[PDB]
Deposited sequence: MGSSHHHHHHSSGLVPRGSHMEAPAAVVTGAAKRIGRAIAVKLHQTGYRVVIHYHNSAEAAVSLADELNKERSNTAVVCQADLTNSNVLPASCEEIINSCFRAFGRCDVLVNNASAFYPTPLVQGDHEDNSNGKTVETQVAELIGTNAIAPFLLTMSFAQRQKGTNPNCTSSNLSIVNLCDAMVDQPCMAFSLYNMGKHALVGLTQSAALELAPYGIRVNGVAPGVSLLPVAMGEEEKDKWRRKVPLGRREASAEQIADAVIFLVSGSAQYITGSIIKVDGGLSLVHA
């Protein structure tokens, strides 16, 4: 029978691309979302129309809180519900905005959001994924290739992305006895943020040595697909950059 995948924040952009490619590949999918209800379901529609009863949505806030453990357990239960199993988890949902260390939301809701989405939620979803368990179980976390050359005033965001690296590695180690492989994919400049002015998008595009453009979500998705495939059966603890060389450029 077909294998099943959760993708968090899958309604749009890189998560959507990841869900769709998983689906094209043969996976059933749980499309998680938080605010983007309509677009989660029009994606479920498009997927179901290709193959019936192979895409469900599932809603949750992944901010850090007393209920996040329960919420994450439910994101996983929702895959066991819909489809009777969970083979793959993709931690993609991510909050991303500035948090200057100096003044010239409150700071703890910033902690909860940035940290929760980017680290703690992936950790709990990792627990829950593992608890339930010729399989090919793997997890893939959306990392950041610029993690060691971070943007100005984004410390919390970066602490979250650093912790996810930490999680990737710890969980790879601890869960390899179970055959649960844990890897990551590190976009650099990919789909630019929607509000960003077009002249700012071009600035960033120009930085990238491979063809002076951002990666398509599709291109990110391909690195994910590879890591979930049987061609990655010996890979765990690896974080593939997909950055066009961006991480290599000195200031």
Deposited-sequence stretches lacking C-alpha coordinates, listed in sequence order | 1-21, 126-133, 163-170
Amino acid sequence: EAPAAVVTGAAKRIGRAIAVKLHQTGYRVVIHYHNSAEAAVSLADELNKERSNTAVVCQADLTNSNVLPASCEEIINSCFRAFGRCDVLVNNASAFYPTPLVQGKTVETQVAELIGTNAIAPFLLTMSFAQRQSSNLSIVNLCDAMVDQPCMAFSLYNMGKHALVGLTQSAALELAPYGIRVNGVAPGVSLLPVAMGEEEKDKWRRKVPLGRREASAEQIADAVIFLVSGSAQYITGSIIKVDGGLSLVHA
From here on, numbers count along this sequence of modelled residues.
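Under this definition, the rigid core comprises the largest set of C-alpha atoms superposing within 1.5 Å between the forms.
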Core-superposed in 9 other deposited structures of this protein, which stretch deviates more in Cα positions, 208-216 or 179-187?
-> 208-216
Say whether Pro150, which has coordinates in the shown structure, is without coordinates in a third or more of the other compared entries.
-> no
In at least one third of the other PDB entries compared, is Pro122 left unmodelled?
-> no
Which has the higher mean CA temperature factor in the PDB entry, 198-206 or 58-66?
-> 198-206
So which stretch wins on mean C-alpha B-factor, 117-125 or 71-79?
-> 71-79
Member of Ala186, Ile225, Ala217, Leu43 with the greatest C-alpha B factor (per the PDB record) = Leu43
Name the third of the chain's ranked CA B-factors that contains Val182, choosing lowest, middle or highest.
-> lowest
For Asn158, does the deposited CA B-factor place it in the lowest, middle or highest third of the chain?
-> lowest
Consider only the C-alpha atoms of the modelled residues in this chain, order them by B-factor as the entry records it, and name the third containing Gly166: lowest, middle or highest.
-> lowest
For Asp148, the third of its chain into which the C-alpha B factor falls = lowest
Chain third (lowest, middle, highest) by recorded CA B-factor, residue given as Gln233 | middle
